[PDB]
>>> print(open('coords30.txt').read())   # compact mmCIF, N, CA and C atoms
# COMPACT_ATOMS: atom_id res chain seq x y z
N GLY A 1 -41.69 23.86 -2.25
CA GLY A 1 -40.54 24.33 -1.45
C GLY A 1 -39.31 23.44 -1.64
N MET A 2 -38.35 23.52 -0.72
CA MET A 2 -37.09 22.76 -0.73
C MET A 2 -36.59 22.51 0.72
N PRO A 3 -36.12 21.29 1.07
CA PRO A 3 -35.58 21.00 2.40
C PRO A 3 -34.22 21.68 2.67
N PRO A 4 -33.78 21.79 3.94
CA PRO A 4 -32.45 22.29 4.31
C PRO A 4 -31.30 21.46 3.70
N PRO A 5 -30.11 22.05 3.48
CA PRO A 5 -28.93 21.34 2.96
C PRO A 5 -28.40 20.29 3.95
N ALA A 6 -27.82 19.21 3.41
CA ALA A 6 -27.24 18.12 4.20
C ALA A 6 -25.92 18.51 4.91
N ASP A 7 -25.61 17.81 6.00
CA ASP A 7 -24.38 17.95 6.80
C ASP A 7 -23.23 17.01 6.36
N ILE A 8 -23.31 16.49 5.13
CA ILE A 8 -22.25 15.71 4.47
C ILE A 8 -21.01 16.60 4.25
N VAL A 9 -19.81 16.06 4.49
CA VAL A 9 -18.53 16.78 4.39
C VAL A 9 -17.48 15.99 3.59
N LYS A 10 -16.84 16.65 2.62
CA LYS A 10 -15.73 16.08 1.83
C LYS A 10 -14.43 16.08 2.63
N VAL A 11 -13.62 15.02 2.49
CA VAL A 11 -12.36 14.80 3.22
C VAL A 11 -11.28 14.21 2.30
N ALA A 12 -10.01 14.41 2.66
CA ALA A 12 -8.85 13.78 2.02
C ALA A 12 -8.12 12.89 3.03
N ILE A 13 -7.99 11.59 2.72
CA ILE A 13 -7.48 10.57 3.66
C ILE A 13 -6.09 10.10 3.23
N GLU A 14 -5.13 10.17 4.14
CA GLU A 14 -3.76 9.68 3.97
C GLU A 14 -3.63 8.16 4.22
N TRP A 15 -2.69 7.52 3.51
CA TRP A 15 -2.22 6.15 3.72
C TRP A 15 -0.79 5.98 3.14
N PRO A 16 0.12 5.21 3.77
CA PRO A 16 1.51 5.07 3.29
C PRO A 16 1.62 4.48 1.88
N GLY A 17 2.54 5.02 1.08
CA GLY A 17 2.81 4.55 -0.29
C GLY A 17 1.71 4.87 -1.33
N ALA A 18 0.75 5.74 -1.00
CA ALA A 18 -0.38 6.10 -1.85
C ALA A 18 -0.70 7.61 -1.80
N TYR A 19 -1.30 8.13 -2.87
CA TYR A 19 -1.86 9.48 -2.91
C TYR A 19 -3.12 9.58 -2.02
N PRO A 20 -3.44 10.75 -1.43
CA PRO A 20 -4.61 10.90 -0.56
C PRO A 20 -5.94 10.57 -1.25
N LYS A 21 -6.77 9.74 -0.62
CA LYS A 21 -8.11 9.36 -1.09
C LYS A 21 -9.12 10.46 -0.77
N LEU A 22 -9.67 11.10 -1.79
CA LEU A 22 -10.82 12.01 -1.65
C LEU A 22 -12.11 11.19 -1.52
N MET A 23 -12.93 11.49 -0.51
CA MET A 23 -14.27 10.91 -0.33
C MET A 23 -15.18 11.84 0.48
N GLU A 24 -16.45 11.46 0.66
CA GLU A 24 -17.44 12.24 1.41
C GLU A 24 -17.97 11.45 2.62
N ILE A 25 -17.84 12.04 3.81
CA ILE A 25 -18.36 11.53 5.08
C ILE A 25 -19.78 12.08 5.28
N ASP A 26 -20.77 11.20 5.18
CA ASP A 26 -22.15 11.49 5.56
C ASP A 26 -22.33 11.29 7.07
N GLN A 27 -22.69 12.36 7.78
CA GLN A 27 -22.91 12.33 9.23
C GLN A 27 -24.10 11.45 9.67
N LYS A 28 -24.97 11.01 8.75
CA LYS A 28 -26.03 10.02 9.01
C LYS A 28 -25.55 8.56 8.92
N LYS A 29 -24.49 8.27 8.16
CA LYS A 29 -23.95 6.91 7.95
C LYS A 29 -23.11 6.43 9.14
N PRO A 30 -23.09 5.11 9.43
CA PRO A 30 -22.23 4.53 10.46
C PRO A 30 -20.76 4.59 10.04
N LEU A 31 -19.88 4.87 11.00
CA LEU A 31 -18.43 4.93 10.77
C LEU A 31 -17.86 3.59 10.29
N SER A 32 -18.44 2.46 10.70
CA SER A 32 -18.06 1.12 10.21
C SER A 32 -18.22 0.98 8.69
N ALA A 33 -19.34 1.46 8.13
CA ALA A 33 -19.57 1.47 6.68
C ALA A 33 -18.63 2.45 5.95
N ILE A 34 -18.39 3.62 6.53
CA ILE A 34 -17.45 4.62 5.99
C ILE A 34 -16.02 4.05 5.96
N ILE A 35 -15.54 3.46 7.06
CA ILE A 35 -14.20 2.85 7.15
C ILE A 35 -14.05 1.69 6.15
N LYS A 36 -15.09 0.88 5.95
CA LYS A 36 -15.14 -0.14 4.88
C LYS A 36 -14.98 0.47 3.48
N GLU A 37 -15.61 1.62 3.23
CA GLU A 37 -15.46 2.38 1.99
C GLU A 37 -14.09 3.08 1.84
N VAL A 38 -13.38 3.38 2.94
CA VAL A 38 -11.97 3.84 2.88
C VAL A 38 -11.05 2.70 2.43
N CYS A 39 -10.99 1.62 3.21
CA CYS A 39 -10.01 0.54 3.03
C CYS A 39 -10.18 -0.21 1.70
N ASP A 40 -11.42 -0.37 1.21
CA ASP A 40 -11.70 -0.93 -0.12
C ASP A 40 -11.09 -0.10 -1.27
N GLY A 41 -10.92 1.22 -1.08
CA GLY A 41 -10.24 2.11 -2.03
C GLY A 41 -8.75 1.81 -2.23
N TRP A 42 -8.11 1.15 -1.25
CA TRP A 42 -6.74 0.63 -1.32
C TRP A 42 -6.66 -0.91 -1.27
N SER A 43 -7.80 -1.61 -1.43
CA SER A 43 -7.95 -3.07 -1.33
C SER A 43 -7.44 -3.67 0.00
N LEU A 44 -7.47 -2.89 1.09
CA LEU A 44 -7.04 -3.30 2.43
C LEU A 44 -8.11 -4.19 3.09
N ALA A 45 -7.71 -5.36 3.58
CA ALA A 45 -8.59 -6.36 4.20
C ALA A 45 -8.99 -6.01 5.65
N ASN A 46 -10.03 -6.68 6.15
CA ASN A 46 -10.51 -6.65 7.54
C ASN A 46 -10.78 -5.23 8.07
N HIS A 47 -11.81 -4.55 7.55
CA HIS A 47 -12.13 -3.16 7.91
C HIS A 47 -12.46 -2.98 9.40
N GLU A 48 -12.85 -4.05 10.10
CA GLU A 48 -13.04 -4.10 11.55
C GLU A 48 -11.79 -3.67 12.34
N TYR A 49 -10.60 -3.86 11.76
CA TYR A 49 -9.32 -3.50 12.37
C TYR A 49 -9.02 -2.00 12.30
N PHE A 50 -9.69 -1.25 11.42
CA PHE A 50 -9.35 0.13 11.08
C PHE A 50 -10.18 1.20 11.81
N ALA A 51 -9.60 2.40 11.85
CA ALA A 51 -10.19 3.65 12.32
C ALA A 51 -9.66 4.83 11.48
N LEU A 52 -10.44 5.90 11.41
CA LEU A 52 -9.99 7.18 10.87
C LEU A 52 -9.34 8.02 11.98
N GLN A 53 -8.39 8.86 11.59
CA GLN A 53 -7.58 9.71 12.46
C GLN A 53 -7.46 11.10 11.83
N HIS A 54 -7.46 12.16 12.65
CA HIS A 54 -7.17 13.53 12.19
C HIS A 54 -5.67 13.71 11.94
N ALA A 55 -5.30 14.17 10.74
CA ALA A 55 -3.91 14.43 10.35
C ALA A 55 -3.51 15.91 10.47
N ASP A 56 -4.46 16.84 10.26
CA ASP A 56 -4.20 18.29 10.27
C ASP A 56 -3.89 18.84 11.68
N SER A 57 -4.60 18.36 12.71
CA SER A 57 -4.49 18.78 14.11
C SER A 57 -5.12 17.74 15.06
N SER A 58 -5.02 17.94 16.38
CA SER A 58 -5.60 17.18 17.50
C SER A 58 -5.18 15.71 17.69
N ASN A 59 -4.92 14.97 16.61
CA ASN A 59 -4.71 13.51 16.57
C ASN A 59 -5.79 12.69 17.32
N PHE A 60 -7.04 13.17 17.34
CA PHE A 60 -8.20 12.42 17.84
C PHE A 60 -8.67 11.36 16.83
N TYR A 61 -8.72 10.09 17.24
CA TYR A 61 -9.37 9.02 16.47
C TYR A 61 -10.87 9.34 16.31
N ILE A 62 -11.45 9.03 15.15
CA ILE A 62 -12.86 9.31 14.87
C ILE A 62 -13.76 8.28 15.57
N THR A 63 -14.83 8.79 16.19
CA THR A 63 -15.82 8.07 17.00
C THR A 63 -17.21 8.67 16.75
N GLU A 64 -18.26 8.07 17.30
CA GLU A 64 -19.64 8.60 17.19
C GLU A 64 -19.79 10.04 17.72
N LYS A 65 -18.88 10.48 18.60
CA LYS A 65 -18.73 11.88 19.05
C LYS A 65 -17.76 12.67 18.16
N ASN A 66 -16.54 12.17 17.95
CA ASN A 66 -15.45 12.90 17.28
C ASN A 66 -15.69 13.15 15.78
N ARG A 67 -16.61 12.42 15.14
CA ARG A 67 -17.10 12.69 13.77
C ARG A 67 -17.62 14.12 13.57
N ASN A 68 -18.12 14.76 14.63
CA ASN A 68 -18.61 16.14 14.60
C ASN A 68 -17.48 17.19 14.50
N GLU A 69 -16.22 16.81 14.77
CA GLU A 69 -15.04 17.67 14.57
C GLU A 69 -14.59 17.74 13.10
N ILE A 70 -15.08 16.83 12.24
CA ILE A 70 -14.80 16.81 10.80
C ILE A 70 -15.58 17.93 10.09
N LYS A 71 -14.89 18.66 9.21
CA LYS A 71 -15.42 19.72 8.33
C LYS A 71 -15.09 19.47 6.86
N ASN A 72 -15.71 20.21 5.94
CA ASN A 72 -15.38 20.14 4.51
C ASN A 72 -13.91 20.54 4.26
N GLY A 73 -13.14 19.66 3.63
CA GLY A 73 -11.69 19.81 3.45
C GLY A 73 -10.87 19.45 4.70
N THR A 74 -11.29 18.47 5.50
CA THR A 74 -10.46 17.90 6.59
C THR A 74 -9.43 16.92 6.03
N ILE A 75 -8.16 17.05 6.45
CA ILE A 75 -7.13 16.04 6.18
C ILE A 75 -7.18 14.98 7.28
N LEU A 76 -7.57 13.76 6.90
CA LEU A 76 -7.62 12.57 7.74
C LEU A 76 -6.51 11.57 7.36
N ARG A 77 -6.42 10.46 8.09
CA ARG A 77 -5.50 9.35 7.87
C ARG A 77 -6.16 8.03 8.26
N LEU A 78 -5.97 6.98 7.46
CA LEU A 78 -6.38 5.62 7.79
C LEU A 78 -5.32 4.95 8.68
N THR A 79 -5.75 4.23 9.72
CA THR A 79 -4.86 3.58 10.69
C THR A 79 -5.57 2.42 11.39
N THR A 80 -4.85 1.39 11.85
CA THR A 80 -5.45 0.32 12.68
C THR A 80 -5.78 0.84 14.08
N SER A 81 -6.98 0.49 14.57
CA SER A 81 -7.57 1.03 15.80
C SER A 81 -6.86 0.57 17.08
N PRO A 82 -6.73 1.44 18.12
CA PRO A 82 -6.28 1.03 19.46
C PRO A 82 -7.16 -0.04 20.13
N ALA A 83 -8.39 -0.24 19.64
CA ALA A 83 -9.31 -1.30 20.08
C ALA A 83 -9.01 -2.69 19.49
N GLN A 84 -8.19 -2.78 18.43
CA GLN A 84 -8.02 -4.01 17.63
C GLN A 84 -7.32 -5.15 18.40
N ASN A 85 -6.36 -4.81 19.27
CA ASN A 85 -5.66 -5.76 20.14
C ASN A 85 -6.59 -6.39 21.20
N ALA A 86 -6.49 -7.71 21.38
CA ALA A 86 -7.28 -8.49 22.34
C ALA A 86 -6.53 -9.77 22.78
N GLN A 87 -6.95 -10.38 23.89
CA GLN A 87 -6.36 -11.62 24.42
C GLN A 87 -6.67 -12.82 23.51
N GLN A 88 -5.64 -13.57 23.11
CA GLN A 88 -5.71 -14.69 22.15
C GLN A 88 -6.14 -16.02 22.82
N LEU A 89 -7.21 -15.98 23.61
CA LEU A 89 -7.67 -17.10 24.45
C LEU A 89 -8.25 -18.28 23.65
N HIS A 90 -8.94 -18.00 22.53
CA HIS A 90 -9.69 -18.96 21.71
C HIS A 90 -9.69 -18.59 20.22
N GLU A 91 -10.06 -19.54 19.36
CA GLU A 91 -10.21 -19.36 17.91
C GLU A 91 -11.39 -20.20 17.37
N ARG A 92 -12.16 -19.65 16.41
CA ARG A 92 -13.34 -20.29 15.81
C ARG A 92 -12.97 -21.34 14.75
N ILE A 93 -12.29 -22.40 15.17
CA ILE A 93 -11.83 -23.52 14.32
C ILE A 93 -12.96 -24.35 13.69
N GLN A 94 -14.22 -24.13 14.10
CA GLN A 94 -15.42 -24.79 13.56
C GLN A 94 -15.67 -24.49 12.07
N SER A 95 -14.98 -23.50 11.49
CA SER A 95 -14.97 -23.24 10.04
C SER A 95 -14.37 -24.39 9.20
N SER A 96 -13.57 -25.27 9.81
CA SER A 96 -12.99 -26.45 9.15
C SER A 96 -14.04 -27.52 8.78
N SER A 97 -15.03 -27.75 9.65
CA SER A 97 -16.21 -28.59 9.41
C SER A 97 -17.30 -28.34 10.46
N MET A 98 -18.55 -28.17 10.02
CA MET A 98 -19.71 -27.96 10.90
C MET A 98 -20.10 -29.23 11.68
N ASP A 99 -19.98 -30.41 11.05
CA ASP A 99 -20.28 -31.72 11.64
C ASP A 99 -19.56 -32.85 10.88
N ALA A 100 -18.57 -33.49 11.51
CA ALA A 100 -17.81 -34.59 10.93
C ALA A 100 -18.61 -35.91 10.92
N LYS A 101 -19.17 -36.28 9.76
CA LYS A 101 -19.89 -37.54 9.54
C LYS A 101 -18.94 -38.75 9.61
N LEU A 102 -19.45 -39.90 10.08
CA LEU A 102 -18.67 -41.15 10.18
C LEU A 102 -18.39 -41.80 8.81
N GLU A 103 -19.30 -41.62 7.86
CA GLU A 103 -19.19 -42.01 6.45
C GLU A 103 -19.81 -40.93 5.53
N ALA A 104 -19.38 -40.87 4.27
CA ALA A 104 -19.98 -40.00 3.25
C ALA A 104 -21.37 -40.52 2.84
N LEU A 105 -22.43 -39.82 3.27
CA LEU A 105 -23.83 -40.15 2.98
C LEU A 105 -24.32 -39.59 1.63
N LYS A 106 -25.25 -40.30 0.99
CA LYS A 106 -25.89 -39.97 -0.30
C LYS A 106 -27.23 -40.69 -0.47
N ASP A 107 -28.08 -40.17 -1.37
CA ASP A 107 -29.41 -40.71 -1.69
C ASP A 107 -29.72 -40.74 -3.21
N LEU A 108 -28.72 -40.52 -4.06
CA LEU A 108 -28.84 -40.52 -5.52
C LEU A 108 -29.09 -41.95 -6.06
N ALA A 109 -30.11 -42.10 -6.91
CA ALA A 109 -30.48 -43.36 -7.57
C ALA A 109 -31.07 -43.11 -8.98
N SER A 110 -31.11 -44.16 -9.81
CA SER A 110 -31.61 -44.12 -11.20
C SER A 110 -32.18 -45.47 -11.65
N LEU A 111 -33.00 -45.46 -12.70
CA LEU A 111 -33.64 -46.66 -13.27
C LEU A 111 -32.65 -47.58 -14.01
N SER A 112 -31.64 -47.00 -14.66
CA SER A 112 -30.64 -47.71 -15.49
C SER A 112 -29.35 -46.90 -15.66
N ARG A 113 -28.27 -47.57 -16.09
CA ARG A 113 -26.95 -46.96 -16.37
C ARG A 113 -26.99 -46.04 -17.60
N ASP A 114 -26.10 -45.04 -17.62
CA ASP A 114 -25.86 -44.11 -18.73
C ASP A 114 -25.20 -44.78 -19.96
>>> encode(input="coords30.txt", output="structure tokens")
Amino acid sequence: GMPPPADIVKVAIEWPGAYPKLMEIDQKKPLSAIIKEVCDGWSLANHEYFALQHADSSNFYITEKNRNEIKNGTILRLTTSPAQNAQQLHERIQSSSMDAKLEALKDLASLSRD
């Protein structure tokens, strides 16, 4: 026999200064992985900042619910998410050094000089 056809849908995505990106939205895949596959097509950094948007009608941002409004041949748009803004209370400055040693430590030794 043969299984039922997949619910995967082809889309065209808008972005400023570029031609529309053709790609396929798999309804089984996470939107975070799909958005990473959008922004990498234009070499755009920090995919966590981004969301998909409907360009043809509604202007609904894509979500785990709103992904079901997408059909084959939907005109979408890439945009930074309304969730991206947050209070600038702290920063992970620990990337500069994990542990500042008092002296440079080593254990290298040899029988004789080179």
>>> select_by_dssp(input="coords30.txt", residues="chain A", states="helix (DSSP H, G or I)", output="list in words")
residues 31, 32, 33, 34, 35, 36, 37, 38, 39, 40, 41, 42, 47, 48, 49, 66, 67, 68, 69, 93, 94 and 95 of chain A
>>> write_last_selection(input="coords30.txt", atoms="N, CA and C atoms", output="PDB file, in the frame of the given file")
ATOM      1  N   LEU A  31     -19.880   4.870  11.000  1.00  0.00           N
ATOM      2  CA  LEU A  31     -18.430   4.930  10.770  1.00  0.00           C
ATOM      3  C   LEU A  31     -17.860   3.590  10.290  1.00  0.00           C
ATOM      4  N   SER A  32     -18.440   2.460  10.700  1.00  0.00           N
ATOM      5  CA  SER A  32     -18.060   1.120  10.210  1.00  0.00           C
ATOM      6  C   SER A  32     -18.220   0.980   8.690  1.00  0.00           C
ATOM      7  N   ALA A  33     -19.340   1.460   8.130  1.00  0.00           N
ATOM      8  CA  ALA A  33     -19.570   1.470   6.680  1.00  0.00           C
ATOM      9  C   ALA A  33     -18.630   2.450   5.950  1.00  0.00           C
ATOM     10  N   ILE A  34     -18.390   3.620   6.530  1.00  0.00           N
ATOM     11  CA  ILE A  34     -17.450   4.620   5.990  1.00  0.00           C
ATOM     12  C   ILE A  34     -16.020   4.050   5.960  1.00  0.00           C
ATOM     13  N   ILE A  35     -15.540   3.460   7.060  1.00  0.00           N
ATOM     14  CA  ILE A  35     -14.200   2.850   7.150  1.00  0.00           C
ATOM     15  C   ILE A  35     -14.050   1.690   6.150  1.00  0.00           C
ATOM     16  N   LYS A  36     -15.090   0.880   5.950  1.00  0.00           N
ATOM     17  CA  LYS A  36     -15.140  -0.140   4.880  1.00  0.00           C
ATOM     18  C   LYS A  36     -14.980   0.470   3.480  1.00  0.00           C
ATOM     19  N   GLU A  37     -15.610   1.620   3.230  1.00  0.00           N
ATOM     20  CA  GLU A  37     -15.460   2.380   1.990  1.00  0.00           C
ATOM     21  C   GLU A  37     -14.090   3.080   1.840  1.00  0.00           C
ATOM     22  N   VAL A  38     -13.380   3.380   2.940  1.00  0.00           N
ATOM     23  CA  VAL A  38     -11.970   3.840   2.880  1.00  0.00           C
ATOM     24  C   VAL A  38     -11.050   2.700   2.430  1.00  0.00           C
ATOM     25  N   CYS A  39     -10.990   1.620   3.210  1.00  0.00           N
ATOM     26  CA  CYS A  39     -10.010   0.540   3.030  1.00  0.00           C
ATOM     27  C   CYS A  39     -10.180  -0.210   1.700  1.00  0.00           C
ATOM     28  N   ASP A  40     -11.420  -0.370   1.210  1.00  0.00           N
ATOM     29  CA  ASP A  40     -11.700  -0.930  -0.120  1.00  0.00           C
ATOM     30  C   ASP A  40     -11.090  -0.100  -1.270  1.00  0.00           C
ATOM     31  N   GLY A  41     -10.920   1.220  -1.080  1.00  0.00           N
ATOM     32  CA  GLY A  41     -10.240   2.110  -2.030  1.00  0.00           C
ATOM     33  C   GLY A  41      -8.750   1.810  -2.230  1.00  0.00           C
ATOM     34  N   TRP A  42      -8.110   1.150  -1.250  1.00  0.00           N
ATOM     35  CA  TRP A  42      -6.740   0.630  -1.320  1.00  0.00           C
ATOM     36  C   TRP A  42      -6.660  -0.910  -1.270  1.00  0.00           C
ATOM     37  N   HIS A  47     -11.810  -4.550   7.550  1.00  0.00           N
ATOM     38  CA  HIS A  47     -12.130  -3.160   7.910  1.00  0.00           C
ATOM     39  C   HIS A  47     -12.460  -2.980   9.400  1.00  0.00           C
ATOM     40  N   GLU A  48     -12.850  -4.050  10.100  1.00  0.00           N
ATOM     41  CA  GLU A  48     -13.040  -4.100  11.550  1.00  0.00           C
ATOM     42  C   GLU A  48     -11.790  -3.670  12.340  1.00  0.00           C
ATOM     43  N   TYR A  49     -10.600  -3.860  11.760  1.00  0.00           N
ATOM     44  CA  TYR A  49      -9.320  -3.500  12.370  1.00  0.00           C
ATOM     45  C   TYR A  49      -9.020  -2.000  12.300  1.00  0.00           C
ATOM     46  N   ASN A  66     -16.540  12.170  17.950  1.00  0.00           N
ATOM     47  CA  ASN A  66     -15.450  12.900  17.280  1.00  0.00           C
ATOM     48  C   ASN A  66     -15.690  13.150  15.780  1.00  0.00           C
ATOM     49  N   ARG A  67     -16.610  12.420  15.140  1.00  0.00           N
ATOM     50  CA  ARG A  67     -17.100  12.690  13.770  1.00  0.00           C
ATOM     51  C   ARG A  67     -17.620  14.120  13.570  1.00  0.00           C
ATOM     52  N   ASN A  68     -18.120  14.760  14.630  1.00  0.00           N
ATOM     53  CA  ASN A  68     -18.610  16.140  14.600  1.00  0.00           C
ATOM     54  C   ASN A  68     -17.480  17.190  14.500  1.00  0.00           C
ATOM     55  N   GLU A  69     -16.220  16.810  14.770  1.00  0.00           N
ATOM     56  CA  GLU A  69     -15.040  17.670  14.570  1.00  0.00           C
ATOM     57  C   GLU A  69     -14.590  17.740  13.100  1.00  0.00           C
ATOM     58  N   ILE A  93     -12.290 -22.400  15.170  1.00  0.00           N
ATOM     59  CA  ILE A  93     -11.830 -23.520  14.320  1.00  0.00           C
ATOM     60  C   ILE A  93     -12.960 -24.350  13.690  1.00  0.00           C
ATOM     61  N   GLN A  94     -14.220 -24.130  14.100  1.00  0.00           N
ATOM     62  CA  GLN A  94     -15.420 -24.790  13.560  1.00  0.00           C
ATOM     63  C   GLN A  94     -15.670 -24.490  12.070  1.00  0.00           C
ATOM     64  N   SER A  95     -14.980 -23.500  11.490  1.00  0.00           N
ATOM     65  CA  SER A  95     -14.970 -23.240  10.040  1.00  0.00           C
ATOM     66  C   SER A  95     -14.370 -24.390   9.200  1.00  0.00           C
TER      67      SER A  95
END
>>> atom_distance(input="coords30.txt", atom1="CA of residue 36 (chain A)", atom2="CA of residue 67 (chain A)")
15.7 Å
>>> atom_distance(input="coords30.txt", atom1="atom C of residue 61 (chain A)", atom2="atom N of residue 21 (chain A)")
17.4 Å
>>> residues_around(input="coords30.txt", residues="region 72-81 of chain A", least_positions_apart="6", cutoff="6 Å", atoms="all atoms listed in the file", output="NGL selection string")
:A and (9-15 or 49-56)
>>> atom_distance(input="coords30.txt", atom1="atom C of residue 26 (chain A)", atom2="atom C of residue 6 (chain A)")
8.3 Å
>>> closest_residue(input="coords30.txt", among="A:29, A:57, A:88, A:43", to="residue 69 (chain A)", atoms="only C-alpha atoms")
A:57
>>> select_by_dssp(input="coords30.txt", residues="chain A", states="strand (DSSP E)", output="MDAnalysis selection string")
chainID A and resid 9:14 21:25 50:54 74:80
>>> closest_residue(input="coords30.txt", among="A:93, A:86, A:35, A:105", to="residue 63 (chain A)", atoms="only C-alpha atoms")
A:35
>>> closest_residue(input="coords30.txt", among="A:41, A:103, A:47, A:3", to="residue 20 (chain A)", atoms="only C-alpha atoms")
A:41
>>> closest_residue(input="coords30.txt", among="A:89, A:83, A:70, A:62", to="residue 31 (chain A)", atoms="all atoms listed in the file")
A:62
>>> build_atoms(input="coords30.txt", residues="region 45-59 of chain A", atoms="N, CA, C and O atoms", output="compact mmCIF listing (two decimals), in the coordinates of the input")
# COMPACT_ATOMS: atom_id res chain seq x y z
N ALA A 45 -7.71 -5.36 3.58
CA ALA A 45 -8.59 -6.36 4.20
C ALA A 45 -8.99 -6.01 5.65
O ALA A 45 -8.34 -5.19 6.31
N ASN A 46 -10.03 -6.68 6.15
CA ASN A 46 -10.51 -6.65 7.54
C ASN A 46 -10.78 -5.23 8.07
O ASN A 46 -10.08 -4.74 8.96
N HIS A 47 -11.81 -4.55 7.55
CA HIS A 47 -12.13 -3.16 7.91
C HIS A 47 -12.46 -2.98 9.40
O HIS A 47 -12.29 -1.88 9.94
N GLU A 48 -12.85 -4.05 10.10
CA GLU A 48 -13.04 -4.10 11.55
C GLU A 48 -11.79 -3.67 12.34
O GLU A 48 -11.90 -3.16 13.46
N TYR A 49 -10.60 -3.86 11.76
CA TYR A 49 -9.32 -3.50 12.37
C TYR A 49 -9.02 -2.00 12.30
O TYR A 49 -8.15 -1.52 13.03
N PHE A 50 -9.69 -1.25 11.42
CA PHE A 50 -9.35 0.13 11.08
C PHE A 50 -10.18 1.20 11.81
O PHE A 50 -11.29 0.96 12.30
N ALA A 51 -9.60 2.40 11.85
CA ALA A 51 -10.19 3.65 12.32
C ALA A 51 -9.66 4.83 11.48
O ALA A 51 -8.57 4.77 10.90
N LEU A 52 -10.44 5.90 11.41
CA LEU A 52 -9.99 7.18 10.87
C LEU A 52 -9.34 8.02 11.98
O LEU A 52 -9.70 7.91 13.16
N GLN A 53 -8.39 8.86 11.59
CA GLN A 53 -7.58 9.71 12.46
C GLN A 53 -7.46 11.10 11.83
O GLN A 53 -7.36 11.23 10.61
N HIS A 54 -7.46 12.16 12.65
CA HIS A 54 -7.17 13.53 12.19
C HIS A 54 -5.67 13.71 11.94
O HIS A 54 -4.85 13.46 12.83
N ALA A 55 -5.30 14.17 10.74
CA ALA A 55 -3.91 14.43 10.35
C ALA A 55 -3.51 15.91 10.47
O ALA A 55 -2.35 16.22 10.76
N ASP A 56 -4.46 16.84 10.26
CA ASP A 56 -4.20 18.29 10.27
C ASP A 56 -3.89 18.84 11.68
O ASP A 56 -3.01 19.69 11.85
N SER A 57 -4.60 18.36 12.71
CA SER A 57 -4.49 18.78 14.11
C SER A 57 -5.12 17.74 15.06
O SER A 57 -5.70 16.76 14.59
N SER A 58 -5.02 17.94 16.38
CA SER A 58 -5.60 17.18 17.50
C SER A 58 -5.18 15.71 17.69
O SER A 58 -5.12 15.25 18.83
N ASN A 59 -4.92 14.97 16.61
CA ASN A 59 -4.71 13.51 16.57
C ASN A 59 -5.79 12.69 17.32
O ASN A 59 -5.50 11.63 17.88
